[PDB]
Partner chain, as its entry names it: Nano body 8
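Next up: a single chain in structure tokens, the form deposited without the partner chain.
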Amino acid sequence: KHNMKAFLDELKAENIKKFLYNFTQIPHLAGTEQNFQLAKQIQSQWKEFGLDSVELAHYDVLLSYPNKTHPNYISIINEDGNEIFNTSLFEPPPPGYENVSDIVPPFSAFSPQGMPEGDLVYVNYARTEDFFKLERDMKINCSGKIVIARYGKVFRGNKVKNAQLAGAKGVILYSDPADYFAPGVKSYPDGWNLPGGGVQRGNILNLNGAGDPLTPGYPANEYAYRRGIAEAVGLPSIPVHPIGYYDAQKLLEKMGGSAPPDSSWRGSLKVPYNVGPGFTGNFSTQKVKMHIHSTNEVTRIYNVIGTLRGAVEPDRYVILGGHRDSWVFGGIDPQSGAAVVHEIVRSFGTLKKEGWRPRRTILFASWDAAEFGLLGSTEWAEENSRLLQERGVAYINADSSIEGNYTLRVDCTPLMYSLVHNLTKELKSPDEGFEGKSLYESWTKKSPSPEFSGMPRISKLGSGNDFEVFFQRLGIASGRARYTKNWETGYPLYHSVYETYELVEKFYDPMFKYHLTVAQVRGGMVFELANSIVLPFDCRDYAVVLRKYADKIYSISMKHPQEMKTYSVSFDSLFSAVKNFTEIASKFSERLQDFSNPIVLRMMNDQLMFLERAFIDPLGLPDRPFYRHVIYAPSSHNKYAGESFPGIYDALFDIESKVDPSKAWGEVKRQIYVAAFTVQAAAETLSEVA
């Protein structure tokens, strides 16, 4: 038989290991020859594996690179203009790689050039709440200052956006051991902790889902008309550079001015964590100077797109995609994901060579330039948006398979909750102490649901990964799964040169059993979405969460009862809409269970497929035209986090500070109307069609 169990049994830990080794011997930075060579290799291998067609889809997009002959660095500058301390020009390379060529030194992609000279202010994580604390409580003025911020808690671009708007002329980002050095664990190469010379790379764009900064809305193809740099989307306006904690210590140790307001502002370094501005009396006349010479350059990128044509519904697409580009070796990010995708393609291909085809078409994607702002997946979706929104059933992402070895982590639409629960009950747990038990059992024990007994935690989707354009712009049901760490007690080497094959094989997953379990979850999801007669979506699960989200947004508003009285702010329409969605979903599920008629089936499969699509508003969210999903959007304060009813949430955020409360509460009421209307309209897609 060719059923799911046949597909799953063909997946092998040893193959995943072989592929991971093969993908991580040299750097694969977006836009470089080595990453084009890897694209060609994967294209060739996916053809060998048995896919019907495998093509490269290329685009010419804005990328950013350091200048090879004028390196980026930061200085402490004395009274005379002598540079008395300089940060590192590169991370000490890991053992055995000290002669590998073309390792990109640490930099912040898309930083402008500049050499700003100034006094530091230390801004904790540079979160919006951290800036509120500085300015409103401590009365510290960031205007004209260089801010030094520690990484962690939110996406780094959001930090830079916050720093900009606070008036800063530069940002130094660093990794504090409080956030990236786990107690009792050795630094790389003898454990998985971050050494003092390690540095986290990463882009600092604020694109809000636009993709290539020069071509928002349209693919960056050969005839594309590009915005000028001055009109580009999302580019930072102040120089930015990341450093390690050895170099950060040398910068923080002289900080004067105000004490930290409290212990949540102190990291683990042996420094005062003084907020500034400026250094203590002896060194009051020294300043910090940035030297940033990186250049933005339109560069060709390549996606690999593999097709396994459906036997019955070839015009319905289930997509498994993850990126291929890495900052350096990509040991975890993304090659632990890409190796899993490669073995999934191999397994589907094995079944295909034996005469099997899935019911629906499966598309497999190896995306380029994800590290520079999800550029490869976004340009491809812009090029193919008409096909995807009329044919796209689901998107399963496949970036890093592991970020820890403790338990499963799943983030997905409520439409896939039942599918995930059912699949994980049929898979074996890889965990110690759970041998012979299901993955559902181990996951639920380690990561319990906050609301329900005997259920696991599943998170929302925001951004930060290649599902973003599919889910937040186009409204295609999306999910992701990986193995993760224990939060109760990014990983330390994230985006550093130390993310290697050896890191994974020695410290994360020596037997590749966690990788195998992730391959079974992602591959299993794809198999069920592409083969189940009725799409494996349960609309009643959306109804349950919509009520939770409506309760939660109402509770936020109810912090301001006088204003709700004054401006007549009612959530009655939104609760009515959610109640109607609940009733209609219940009736639809009865019909689905109770309907030989392939027209009624496909009519009902179309109602299932277009249900996620119904939460899209074609006008987008306010000043964010490419975030269109009314229920979820990436948080306006943290791209990594999903926010529910984002339009209403943003209208309420810090509302007590708004200068015209009538207008502000009017906008809250407008967002309640948009949300209530969208929920009711989605509900009505599930009604009998005529």
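Residue numbers count along the first chain shown, from 1.
Although it is not shown, the form solved in complex with the partner chain is what the next lines describe.
Of the residues given (422, 438, 86, 113), 86 alone sits with a heavy atom within 4.5 Å of the partner chain in the deposited bound form.
Residue-level contacts in the deposited bound form: of 471, 367, 122, 498, one residue has a heavy atom within 4.5 Å of the partner chain, and it is 498.
Stretch 188-196 is the contacting one of 126-134, 510-518, 323-331, 188-196, since its residues have non-hydrogen atoms within 4.5 Å of the partner chain in the deposited bound form. Residue contact check for residue 263: none of its heavy atoms lie within 4.5 Å of the partner chain in the deposited bound form. At a distance threshold of 4.5 angstroms between non-hydrogen atoms, residue 78 is in contact with the partner chain in the deposited bound form. Although the partner is absent here, residue 595 lies well away from the partner chain in the deposited bound form, with no heavy atom inside 4.5 Å. When contacts are judged by a 4.5 Å heavy atom cut-off, residue 296 does not count as touching the partner chain in the deposited bound form.
In the deposited bound form, 246, 250, 254 are the residues of 244-268 with at least one heavy atom within 4.5 Å of the partner chain, listed from first to last.
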